[PDB]
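Enquirer: pasting the structure only:
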RNA sequence: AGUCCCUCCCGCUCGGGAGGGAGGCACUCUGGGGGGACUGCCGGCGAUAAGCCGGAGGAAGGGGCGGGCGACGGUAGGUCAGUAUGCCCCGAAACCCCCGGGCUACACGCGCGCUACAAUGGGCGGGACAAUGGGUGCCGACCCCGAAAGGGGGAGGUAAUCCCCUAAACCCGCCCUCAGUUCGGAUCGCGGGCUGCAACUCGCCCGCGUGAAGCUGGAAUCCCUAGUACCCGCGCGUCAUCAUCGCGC
Ligand SMILES: [Mg+2]
Ligand SMILES: [Mg+2]
Ligand SMILES: [Mg+2]
Ligand SMILES: [Mg+2]
Ligand SMILES: [Mg+2]
Ligand SMILES: [Mg+2]
Ligand SMILES: [Mg+2]
Ligand SMILES: [Mg+2]
């Protein structure tokens, strides 16, 4: 109902139709799967050290080249 | 009308507009914590020296961000509440004095109506109006589809501020309400998660659409 | 205390109120029917605008003398709305300013420097500075920082 | 008892040469000379359409002509007055002498 | 002289004012005092429009 | 009898400031600084004085002559001149360090100027252009 | 005292408006002329129109009959140097309308250029007619 | 700016201001010469090269920022109606002058714009701060007359000296309170002026009166990355008079 914070640890690359989406690796900070590292797609400027609020932590983005 | 003590006001401490302190304001959201600048500062006017550098807007006081956000016309090339709002010559663009006065009066109204520190109410409003999930578009067979993605904190802050400004602009358009009153009303409504707030309803709709397309 | 120590508009208001006691200052007979310049649209709304204009002219002469009719005409001009055409700047008329200056001279507040314009006499300087001092004495009760000046 | 000299030219170097000659003439004698004062430069700017016809995108030329000026004051002494009266200026330098 | 001003002593006469290609007759009436002669000799013919031609609209080109 | 002169520039506005021992009176073109309007312009000038402290403020007198530019450009030049005069008069590096943290431009100035206009709708700006049509 | 409707010179005036703006309902009286007549009559232009008395209305109508005789300048009337009598007159309501109609009819009788332009319903003061002044329906090719 | 002298104001003068004369080149400015930034220093990636990414110090940091200069050619692109020029035509008219008309017409389609559809306002009184340019067939301060537009004299200026030249958006106080209105100002009537040899066709300005459509705009589609875009006025060109334009500030 409030989501789970995750911390960005690595930048992979740009993607999307018009280069608007970035793929990152994040580490869960709270919840059932705290400590796991998964990759995600993010819209907007982002840098290492930012914190995202995920609404669910079971979907993983498909790897890009 | 306005008393002489207010027309010629002399400050003596470094605090926002010489009237309010941000010592006890706290940001609950961990993600927006490093992007809401609350350092002590008297005059919120940095003369646009931050836009040059990447991530430069991070270290700009939040009140000046609001002032810049409302310094606009409002409805140029898309409709807000079903209307174009093209102010043109009568628009507030490039008049930072009038926007400063509007924000000051709105803060006075907010403090009078609730009895709390206005900066705290503003922080609560932007916290409640910032979405957490968005979508991006793909094209297949001549049809447009949505795919759910996540939002970075800085974009969340930008969207929250823009939606608050747009709601305030829409409330005072061709009605008897004034701009300052509309801004105060919008902030108060957004702080209480009231659906009558434009920003809160917009956030709810965005998150619903994002959820229905995972 | 001098004229430089007080806001202009408050001083103009006080001087306009005080000027009604001088017998030599009287609005002309065509005063109730005219506008204050070609760039205006409607007649003045105050029933005693003549005294306000005269006080403003006196304070203007105090600060920028010597000065003549044309530069004052430039000062009292403004922007005009021209229907379907873009707005433009225009000067004001001459009769009001000339009559006001002649009345002020008859009152002994200004004098004429040949080929240069009009300047403020010692009597007029004292008249303005006394009112300025009174206004500053009233004003600093609510703004304590003015006691230093 | 003082003479005022005005110089103007479109070439900076010739102006400097004439000024230096006057300065040396004043130095070789006991006579006080107020230094060469540089006055603001005259700029003549003319903007014209390029094409002879009216077809195509509109482009413009900006031609410019610059005129430099100097001012010198010196006290009227006949021993030095004759020397400066006999100096020969280049054809692109204008000189004017007056007594004040 | 299309720019001659009508005077009271001219009332009662008839004058032929050039209009570009011909002289048209004008009978001077008392109420014409103060007007130029050319006001009574029109130079253009009244317009009666025909059918729009090819190129008059976007689709007709 | 110390007298110190300083200069400030901001987009065609030029300010010259003179500082000496005094009682705390500051004048801008002869007007007391407490009467400057509008408020947003008044606070621009007052920030260096508030940062310095009340003890330093009440021990000096400052007179500023400023010309050129607009009502907002003139205030900033006066602010720059006052900051430089303050750091030079007291000559302590704690205050100089504090100014740089709060606002660097107080001491280094602002080099921005307008960009000259270009053809194709010259009167509007160097980059704004006429609307383009195809039919 | 207060009356919500006051009739002056055959026109009903609002009683809740200021007198200077209430008087503008009369055809032939603008805001400036109304202020002039209010000042000549010795009445505050900002008073409510509903506080007028009968004598004041009579005085106002009398002033409206012959303004020049009551101190209004000759250059402020709407018909100076009348074409028939040669005097300076001010007209309102029907008389104004029939005076304008008579002027246009006089222009038409002598077959002057402006008379023809009035007859044909075309611009009179020298405007261009190729682009603007279009009032009709599109014709097809 | 500091220093000296004289005169005048204020809380009566301890103190605080404004002019004028001496005097000075400090500060601003003007314009000649010179210095300063080089991937030079530090840490990574790449190859240990070429380079790239990130920091210190600095007025300025990675073509420092904005302009001028457009290769061999093509486009049978535009211009013989700027001037130069071959051929063909007219050569007592298709050459040269003068008078009056037209290029300004008006069921209609289209381009670029200005003014608005109001409170992020309209009106009235008062208070603030520029730059670029131009002036002898000319710019004209200062005085007088007039309600305004304008009129009669006229210092100084061939100009860092005199003049155009005390910008508007902005701020303070009062009236109007969501209405086709105190929004909008098209159209038309009467009257007064300027330039010019001449103002009807066919000029520009002022006073009073009158008061049209318009209540935010479908499908479509344009400009812009920092002192940039938006908003606000000003200067020059054209020019006897006339700017909703061009080039600049
Ligand atoms: Mg004004
Ligand atoms: Mg307008
Ligand atoms: Mg610009
Ligand atoms: Mg071809
Ligand atoms: Mg044509
Ligand atoms: Mg209106
Ligand atoms: Mg005509
Ligand atoms: Mg409406």
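Expert: Arrived safely. Numbers count the residues shown, from 1 in each chain, chains lettered A, B, ... in the order given. Ligands and ions are numbered 1, 2, ... in the order given.
Enquirer: what about the residue of chain G at minimum distance from chain F, how many residues nearby?
Expert: The minimum distance from chain G to chain F, using Cβ to the nearest Cβ, falls at residue G:131 (16.8 Å). In this view, the C-beta of every residue, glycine as well, is placed from N, C-alpha and C. A count of nearby residues for residue G:131, using other Cβ atoms under 10 Å in any protein chain shown, gives 6.
Enquirer: can you tell me the closest non-neighbouring residue to residue A:51?
Expert: residue B:31 (4.4 Å; Cβ to Cβ, 6 or more residues apart in numbering or on different chains).
Enquirer: next, the contact list for the one you found, please.
Expert: A:5, A:50, A:51, A:52, A:53, B:153, B:156 (Cβ atoms under 8 Å, 6 or more residues apart in numbering or on different chains).
Enquirer: do the same with residue C:96
Expert: Residue C:96 neighbours (Cβ under 8 Å, 6+ apart): C:34, C:36, C:53.
Enquirer: picking up where we left off before, can you classify the residue of chain G closest to chain F as helix, strand or coil?
Expert: coil (DSSP: H, G, I helix; E, B strand; the rest coil).
Enquirer: distance from the chain centre to stretch C:68-79, please.
Expert: Here stretch C:68-79 shows a centroid-to-chain-centroid distance of 12 Å under the convention Cα atoms, centre = their mean, to the nearest Å.
Enquirer: name the residue closest to the centre of chain E, please.
Expert: Nearest residue to the geometric centre of chain E (Cα atoms, centre = their mean): residue E:42, 0.7 Å.
Enquirer: does that one sit in a helix, a strand or a coil?
Expert: coil.
Enquirer: would you mind measuring from the residue most central in space within chain B to chain A?
Expert: Among the residues of chain B, the one closest to the centroid is residue B:161, at 3.1 Å (Cα atoms, centre = their mean). In this view, residue B:161 and chain A are 14 Å apart by Cβ to the nearest Cβ, to the nearest Å.
Enquirer: that residue is in contact with residue B:65, isn't it?
Expert: Yes: counting by Cβ atoms under 8 Å, residue B:65 is a contact partner of residue B:161 at 6.1 Å.
Enquirer: all strands in chain A, in order from the N-terminus.
Expert: Applying DSSP state E to chain A gives strands spanning A:4-15, A:21-28, A:37-43, A:51-54.
Enquirer: tabulate those in JSON lines, adding columns for distance to RNA strand H.
Expert: Below are those laid out as JSON lines (distance: least, Cβ to the nearest atom of the strand, whole Å):
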{"stretch": "strand A:4-15", "distance to RNA strand H": "12"}
{"stretch": "strand A:21-28", "distance to RNA strand H": "16"}
{"stretch": "strand A:37-43", "distance to RNA strand H": "16"}
{"stretch": "strand A:51-54", "distance to RNA strand H": "21"}
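Enquirer: save the ones you listed as JSON lines, and put in mean neighbour count too.
Expert: JSON lines is the format used below for these (neighbours: other Cβ atoms under 10 Å in any protein chain shown):
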{"stretch": "strand A:4-15", "mean neighbour count": "16"}
{"stretch": "strand A:21-28", "mean neighbour count": "20"}
{"stretch": "strand A:37-43", "mean neighbour count": "18"}
{"stretch": "strand A:51-54", "mean neighbour count": "20"}
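Enquirer: same list, those strands, but as CSV with distance to residue G:36 please.
Expert: Listed next are these as CSV, based on distance: least, Cβ to Cβ, whole Å:
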stretch, distance to residue G:36
strand A:4-15, 74
strand A:21-28, 72
strand A:37-43, 68
strand A:51-54, 71
